[PDB]
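Structural overview for review
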Number of protein chains: 2
Amino acid sequence: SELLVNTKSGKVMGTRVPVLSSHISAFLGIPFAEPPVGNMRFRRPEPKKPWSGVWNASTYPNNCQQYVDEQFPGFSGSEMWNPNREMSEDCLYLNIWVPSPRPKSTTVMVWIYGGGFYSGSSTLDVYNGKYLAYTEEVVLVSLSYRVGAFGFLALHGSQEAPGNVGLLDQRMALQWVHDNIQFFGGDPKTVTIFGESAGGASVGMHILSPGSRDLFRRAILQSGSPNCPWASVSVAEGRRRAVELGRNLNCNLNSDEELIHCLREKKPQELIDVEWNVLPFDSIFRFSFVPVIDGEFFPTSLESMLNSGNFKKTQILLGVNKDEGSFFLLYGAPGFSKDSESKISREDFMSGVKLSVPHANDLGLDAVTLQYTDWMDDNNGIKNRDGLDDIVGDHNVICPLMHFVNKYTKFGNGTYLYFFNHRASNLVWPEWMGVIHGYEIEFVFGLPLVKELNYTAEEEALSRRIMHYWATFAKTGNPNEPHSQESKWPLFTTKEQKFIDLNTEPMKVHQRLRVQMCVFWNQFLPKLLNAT
Amino acid sequence: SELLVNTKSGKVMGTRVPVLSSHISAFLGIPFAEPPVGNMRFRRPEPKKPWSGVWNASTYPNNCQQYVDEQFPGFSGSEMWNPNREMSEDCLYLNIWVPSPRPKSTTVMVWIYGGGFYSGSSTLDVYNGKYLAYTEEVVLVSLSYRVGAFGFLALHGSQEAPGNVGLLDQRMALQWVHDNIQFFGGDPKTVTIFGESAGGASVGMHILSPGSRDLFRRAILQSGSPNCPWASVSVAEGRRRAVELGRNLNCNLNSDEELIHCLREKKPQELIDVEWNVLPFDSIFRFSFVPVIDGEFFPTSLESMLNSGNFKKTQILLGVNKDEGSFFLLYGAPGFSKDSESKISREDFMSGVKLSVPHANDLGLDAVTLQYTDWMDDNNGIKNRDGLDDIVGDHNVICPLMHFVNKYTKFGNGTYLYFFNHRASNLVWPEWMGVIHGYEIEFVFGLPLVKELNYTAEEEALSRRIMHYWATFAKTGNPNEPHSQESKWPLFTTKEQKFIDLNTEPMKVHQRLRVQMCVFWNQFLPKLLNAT
Ligand SMILES: C[N@@H+](Cc1ccnc(NC(=O)Nc2cccc3c2[C@@H]2CCCCN2C3=O)c1)Cc1cn(CCNC2=c3ccccc3=NC3CCCCC23)nn1
Ligand SMILES: C[N@@H+](Cc1ccnc(NC(=O)Nc2cccc3c2[C@@H]2CCCCN2C3=O)c1)Cc1cn(CCNC2=c3ccccc3=NC3CCCCC23)nn1
Ligand SMILES: *[C@@H]1O[C@H](CO)[C@@H](O)[C@H](O)[C@H]1NC(C)=O
Ligand SMILES: *[C@@H]1O[C@H](CO)[C@@H](O)[C@H](O)[C@H]1NC(C)=O
Ligand SMILES: *[C@@H]1O[C@H](CO)[C@@H](O)[C@H](O)[C@H]1NC(C)=O
Ligand SMILES: *[C@@H]1O[C@H](CO)[C@@H](O)[C@H](O)[C@H]1NC(C)=O
Ligand SMILES: *[C@@H]1O[C@H](CO)[C@@H](O)[C@H](O)[C@H]1NC(C)=O
Ligand SMILES: *[C@@H]1O[C@H](CO)[C@@H](O)[C@H](O)[C@H]1NC(C)=O
Ligand SMILES: [Cl-]
Ligand SMILES: [Cl-]
Ligand SMILES: [Cl-]
Ligand SMILES: [Cl-]
Ligand SMILES: [Cl-]
Ligand SMILES: [Cl-]
Ligand SMILES: [Cl-]
Ligand SMILES: [Cl-]
Ligand SMILES: [Cl-]
Ligand SMILES: [Cl-]
Ligand SMILES: [Cl-]
Ligand SMILES: [Cl-]
Ligand SMILES: [Cl-]
């Protein structure tokens, strides 16, 4: 009765799951799209044709076709990110957690996973929405979208494989929530989208895309933003990559129509096996199939939209972690190791710089080297490691986000900036990697409230603060509660540029987050690469 | 009798001058060149024609024709550098200080005054050679040379105005000393040339010039070196300025002989009046008529000589002051006179960076600006002033010198490096100016030993240490006396790059003098400008 809901696409039968020492309602694996199989591969999503009967919505769905990481088999630190369900091109489903009893028009939070646009799943243990929905009494949605070539193969001009179809997937899950979340207790006019990494960049792209603005109220961006250097490509580069993929598979390259149907015949993992061979450089923190600046989803360049103010004006709550770069060096760089302190010689440092700014010329790599080398001590293995770490995070995550924060605040109505730098007490990774990319997610989603997972009671409190900041921001557009006595998180302003620390210690206010290095990455280095 | 010496050019008779509580011999205004007057203006010096009689060498000679500083009339801090004798083109004379009774073949130190190649005099109170000669029992010579257009008008190809004739003036005074110092008790085989600023750059140039190498033994360079950006010009740039000097005096410009003929009919002060108008840019720490890279005095470019080791191999002692750039900013950048101290606004800072690096394109100016700005605090008047202060010293003095000390030590037979950072307790300048360009000269020459000049007893001790380091180095090629128990000044080597501090505190040994900023000035910025 509570688990039997009559949507505009059919009836859905949920299930009563346990949370903490209570229960709530879960509606798992509801489809919002026609399965993009067959010659519907690479194509714009089509709305799910409505169904008679009762859709069984009591089990997690499939995960989309993606490259599976086998770097450290059996290791929980890395397997926690892999698909925990079967993979299938039939994967466009969403999950809904409803408090119990079902509320009356309560605040909706829609979660978009990251994973560099090539991986990701809605069904991961650390994206379990029961804790956040129960504690803050919000209705928690998590969607999905096609990743890799299946979601972002771009042959602009063709309508067979136009590009950005994985973003269009996310838009159709937002459109479904707009049309149906009211039947679950959710208020369609108070919906907050939020995601991390490629999901944070996705959030920002819906802020900018005109066809997406009317489908959500406000936005949270965690360690990602639409202007990141790994998040977009030109229609030329995306066409170069798509053609290069057909070459790798012996496809007819005479026309698109011939290329697209050649690729539609291959098995999904046939594409995945050659996915990485299309990248133009040797790189870390670069991914093959990503959104394109097509002129449709994005009417002009991202920067000219941020300049003119051509985007949704609302409130945003965003931030970054302390060591966004570390695990990307673990995986792709010389001298690092999961079971070692990972001191790195000057020769490996200059190699890492090359992998990390793969587009620069020699003048640019010299500039980057100069900015992060302590020439009084240039063979200090620790300083070289920490230095290259900061390079990856600053270039790929922090300084792109900071540039997005400064342009958005000009026209927006409320900006709340955070810096996350608590290292979880139970972390399975070596401590040289500090606060790792993606590792604030377990605090956002309430997992420190489970005694079984062996957090400290101060981490439970930190997790409860974050869940509240997030949910309160989702309801009111402001993460602080009026008339309380907890210290207030200040508005980031164009003039004072304030932000807070998120950790177990009392809240400190700082200003100008990593400004010295982001003037280099956002102002000086682009000028030097454009002039040479 | 002691005072009566028979040289290879004639007899000379000096005077018995008092030094502290004693006396020494002094031979003032001895000529070493035919007066470069009339049609000898701008032309290589000719050896003094030997005279009959007794040359009266008991008074200082004239100072060469030069631009006179009238920025702060009557103010000793600046007037102590101005000519204190009459100005005349008949100025090629040298001074000698000889201990009494006359030593037999003792060590000779030859002083070369600085002044940016446009000013300078051997006769200043601060170059009073009597103290160093008496205290260290050395024969102290100070030469002279033509400055400004009179010494460095370069019309390459012409033999009427070739260029570098002021460096040749210096060479002829060194040749005179090589031929005659033995008659005064000096050992022509133990000659040390030493100079500050343009003198230090001159000293380095004699190390480099094959025609000068056999005229001296070792070398001391103070706050100058030959590769400084203000110390040399191409034959083209030198030609462009020589012509533009004639254009300013409405001279014929159809040929070198008519340009030269025109400029020898103008009175000296005419040329001085127009001298500053031929600089290519608005600038500070740039001078109009400087040595030229001609292929005779310097067979190839300064860098190719250093890379290849084409220079005299011996021992050098060299160093810099803490605040080389301050007085160039006081004199030349407004903003340094809008404040009691000299807190400068951010807009004054960006303008100074333009007047300090007069050859950089806007990309180079952004690079300089970015390197010296604290973007957490960019409106700090003190940080802005101090920042541009270092820019002027690092670019013009410290980092040109460190490039020279590193290239030389690969091939040389011994390098000693110093950092002078004492502020005299009796300085007439404001405190923000620090340790000013040229204010170690008073310690080198023993002035703190005069009670009437009210230095502290700790500074008299510092001046005795300096004179000894200088004189011992002049005698043995090493400033330390071994057998001593006093702290030892270590060699600068290619690997450890050690240097010491000169002040009243006990000796400290550092490494890599200002290496972070000199990597910027000496490798990154030159290649930034090479590219654009
Ligand atoms: C960088 N990623 C790896 C990668 C793998 C394979 N290949 C490349 N790159 C290449 O270039 N490969 C390549 C491979 C073989 C041959 C060639 C080439 C290149 C291609 C170009 C031309 C030359 N090449 C070749 O011949 C990069 C890094 C990466 C991996 N995960 C998935 C794991 N999830 C995560 C984590 C994992 C650990 C810790 C924290 C994590 N937090 C997060 C938060 C966001 C969700 C995912 C996530 N996420 N990010
Ligand atoms: C650089 N000096 C100034 C200067 C004067 C005149 N003019 C320029 N520069 C220009 O650009 N002038 C200019 C003037 C008028 C019109 C135009 C232009 C420009 C020319 C370019 C095109 C456009 N312009 C014009 O239309 C610079 C600075 C300078 C001055 N002293 C002589 C003083 N002795 C010294 C000191 C003095 C005080 C403290 C420490 C000192 N320690 C030393 C140590 C070394 C011996 C000298 C010395 N030494 N250094
Ligand atoms: C829904 O699916 C699960 C397993 O796929 C099954 O055990 C459960 O009984 C189903 N519920 C129905 C058919 O009502
Ligand atoms: C947001 O917009 C409202 C409506 O114009 C305005 O009253 C409010 O002050 C704005 N807030 C911010 C932080 O810009
Ligand atoms: C948490 O700690 C308990 C007690 O030490 C242990 O039995 C359990 O296996 C731990 N859980 C995890 C997930 O490590
Ligand atoms: C040399 O000149 C000085 C200064 O005028 C004078 O006192 C001295 O008598 C002169 N010597 C001779 C021998 O004339
Ligand atoms: C200087 O040269 C001598 C003789 O050739 C040599 O033995 C000595 O080691 C050298 N010293 C330095 C410091 O280079
Ligand atoms: C030297 O210092 C003393 C004591 O401070 C002072 O009285 C004297 O007048 C000073 N001498 C000069 C020439 O300024
Ligand atoms: Cl094509
Ligand atoms: Cl298939
Ligand atoms: Cl080490
Ligand atoms: Cl760390
Ligand atoms: Cl604002
Ligand atoms: Cl005296
Ligand atoms: Cl000797
Ligand atoms: Cl000409
Ligand atoms: Cl002639
Ligand atoms: Cl005039
Ligand atoms: Cl200072
Ligand atoms: Cl005294
Ligand atoms: Cl020794």
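Residues numbered from 1 in each chain as written, not as in the entry; some residues may be left out. Chains lettered and ligands numbered in written order. Heavy atoms only, no water. Residues with missing side-chain atoms left out of burial classes, pairs and counts.

Considerations on the overall build of chain A
Broken down by element type, chain A carries 17 helices and 14 strands. Scaling as 2.2 N^0.38, a compact globule of 532 residues should have a C-alpha radius of gyration of about 24 Å, and chain A matches this with 22 Å. Overall, chain A is about 70 × 65 × 50 Å in size when its C-alpha atoms are taken along their principal axes. Sequence separation of 24 or more characterises 75% of the internal contacts of chain A that already satisfy a separation of 6 or more. (Helix = DSSP H or I, 4+ residues; strand = E, 2+ residues; numbered from the N terminus. Rg over C-alpha atoms; globule rule 2.2 N^0.38 Å. Contact = heavy atoms within 4.5 Å.)

What to know about a nonpolar patch on the surface
Together, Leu4(A), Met13(A) and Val54(A) give the surface a local cluster of nonpolar side chains, amounting to about 240 Å² of exposed area. Look at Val54(A) and you get partly exposed, because its relative accessible area is 46%. (Patch = residues over 30% accessible without salt bridge, like charges linked within 9 Å, V, L, I, M, F, W, Y side chains within 5 Å. Areas by Shrake-Rupley, 256 points an atom, 1.4 Å probe, with all protein chains shown as cover. Salt bridge = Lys/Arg side-chain N within 4 Å of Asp/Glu carboxyl O. Buried < 20%, exposed > 50% of the residue type's maximum accessible area, 1.4 Å probe, protein only.)

A few points about the pattern of salt bridges
Residues and elements named next belong to chain A. Taken as a whole and assessed by the stated rule, the structure comprises 41 salt bridges over all chains. Residue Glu-237 is joined to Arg-240 by a salt bridge in which the shortest nitrogen-to-oxygen separation is 3.2 Å. A residue pair is termed a helical-turn pair when its members lie 3 or 4 positions apart in one helix, as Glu-237 and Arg-240 do in helix α7 (residues 235–248) at 3 residues. A relative accessible area of 34% means that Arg-240 is categorised as partly exposed. The network of salt bridges with shared partners includes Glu-237, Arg-240 and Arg-241.

Description of the sheet that holds strand β13 (residues 498–502) of chain B
Residue and element names in this part refer to chain B. An order of β3-β4-β6-β8-β7-β9-β10-β11-β12-β13-β14 is seen for the 11 strands of this open sheet, with the pairing classed as mixed. Of all the strands in the sheet, just β3 (15–19) and β14 (509–511) have a single pairing partner and so form its edges. Between one strand and the next, the sheet's axes are offset by a mean angle of 25°, whatever the strand orientation. Running over the sheet, helix α5 (residues 198–208) touches β7 (106–112), β9 (186–196), β10 (218–222) and β11 (316–321) and is turned about 135° from β9. On the sheet, helix α13 (residues 381–409) packs against β10, β11 and β12 (415–420) and is oriented at approximately 160° with respect to β11. (Pairing = 2+ DSSP bridges. Axes fitted to C-alpha atoms, helices over the stretch in contact; angles between N-to-C directions.)

Looking at helix α6 (residues 235–248) of chain B
All names here are of chain B. Spanning 14 residues, α6 covers 20 Å between terminal C-alpha atoms, matching the ideal 20 Å at 1.5 Å per step. Of the positions making up α6, those classed as buried are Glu-237, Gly-238, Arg-241, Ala-242, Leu-245 and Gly-246. In this structure, the buried residues of α6 make contact with α3 (148–152), α7 (256–263) and α8 (268–274). (Expected span 1.5 Å × (residues − 1).)

Digging into the site of ligand 6
All names here are of chain B. In the vicinity of ligand 6, the residues found are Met-13, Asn-56 and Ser-58. In this structure, an oxygen atom belonging to ligand 6 sits 2.4 Å away from a side-chain N or O atom of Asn-56. Taking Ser-58, its side chain carries an N or O atom lying 3.5 Å from an oxygen atom of ligand 6. For ligand 6, the accessible surface in isolation is 370 Å², of which the surrounding protein chains cover 28%. (Near = heavy atom within 4 Å. Polar contact = N/O pair within 3.5 Å; in protein donor to acceptor, adjacent residues only side chain to side chain.)

Quick notes on the UniProt feature "disulfide bond" in chain A
Residue and element names in this part refer to chain A. A sulfur-sulfur distance of 2.0 Å is found for the UniProt-listed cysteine pair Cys-64 and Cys-91, consistent with formation of the disulfide (criterion: under 2.5 Å). Of this pair, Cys-64 sits in the loop between β5 (54–56) and α1 (76–79) while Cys-91 sits in the loop between α1 and β6 (93–98), placing them 27 residues apart in sequence. Judged by its relative accessible area of 2%, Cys-91 falls in the buried class. Of the UniProt disulfides, the one joining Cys-251 and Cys-262 is satisfied here, as the sulfur distance of 2.0 Å falls under 2.5 Å. Of the two residues, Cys-251 sits in the loop between α7 and α8 (256–265) while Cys-262 sits in helix α8, which places them 11 residues apart along the sequence. A relative accessible area of 15% places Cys-262 in the buried class. (Disulfide = S-S within 2.5 Å. UniProt positions renumbered as here; feature names shortened; annotations may be inferred.)

A word on the relation of the copies chain A and chain B
Between the two copies of the chain lies a relationship made up of a rotation around an axis and a movement along it. Of the transformation superimposing chain A on chain B, the axial component is 0.0 Å and the angular component is 180°, with the fit at an RMSD of 0.6 Å. In the structure described here, the two chain copies are related by an operation that fits a two-fold rotation axis. When each C-alpha of chain A is compared by its distance to the rotation axis, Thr532(A) comes out closest, at 3.3 Å. Most of the interface of chain A is mirrored in chain B, where 95% of its interface residues again form contacts. (Least-squares fit on C-alpha atoms.)

Considering the state of the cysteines
Covalently bonding the sulfur atom of one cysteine to the sulfur atom of another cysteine gives a disulfide. Residues and elements named next belong to chain A. Considering all chains together, one arrives at 6 disulfides over all chains under this definition. Residue pairing for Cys-399: its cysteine sulfur links by disulfide to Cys-518, the two sulfurs lying 2.1 Å apart. Between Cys-399 and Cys-518, the disulfide has an S-S torsion of -85° and is therefore left-handed. Highlighted residues: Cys-399 in helix α14 (residues 381–411) and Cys-518 in helix α17 (residues 515–531), separated in sequence by 119 residues. Assigned by exposure class, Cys-399 and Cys-518 land together as buried. Each bonded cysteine of chain A is numbered by sequence order, and under that numbering the disulfide pairs are 1-2, 3-4, 5-6. Among the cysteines around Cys-228, which has no disulfide bond, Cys-399 carries the closest sulfur, lying 10 Å off. By relative accessible area, which is 2% here, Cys-228 ends up buried.

Some remarks on the environment of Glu452(B)
Residue and element names in this part refer to chain B. Within the secondary structure, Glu-452 is located in the loop between α14 (441–444) and α15 (457–476). For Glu-452, a relative accessible area of 64% corresponds to the exposed category. In sequence terms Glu-452 and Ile-382 are 70 residues apart; their C-alpha atoms lie 35 Å from each other.

Topic: the site of ligand 3
All names here are of chain A. Around ligand 3, the structure places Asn-56, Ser-58 and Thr-59. Note that a nitrogen atom of ligand 3 is positioned 2.8 Å from one of the side-chain N or O atoms of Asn-56. Look at ligand 3: alone it shows 360 Å² of surface, and the protein chains cover 21% of it.

Concerning the interface of chain A and chain B
Tallying the contact residues gives 21 residues for chain A and 20 residues for chain B. Both sides together, the interface formed by chain A and chain B hides about 1,800 Å², and carbon and sulfur atoms give 67% of it. Of all residues in chain A, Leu370(A), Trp375(A) and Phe524(A) give up the largest surface area on contact with chain B, accounting jointly for 32% of the area buried on that side. The tally of links from chain A across to chain B stands at 4 salt bridges. For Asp366(B), the salt bridge goes to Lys527(A), with nearest N and O atoms at 2.8 Å. For the pair chain A and chain B, the interface holds 10 residue pairs in polar contact. Only α13 (362–372) and α17 of chain A provide two or more residues apiece to the side of chain A that touches chain B. Among the elements that take part in the side of chain A that touches chain B, α17(A) stands out by supplying 8 residues, more than any other. (Buried area = accessible area lost by both parts, 1.4 Å probe.)

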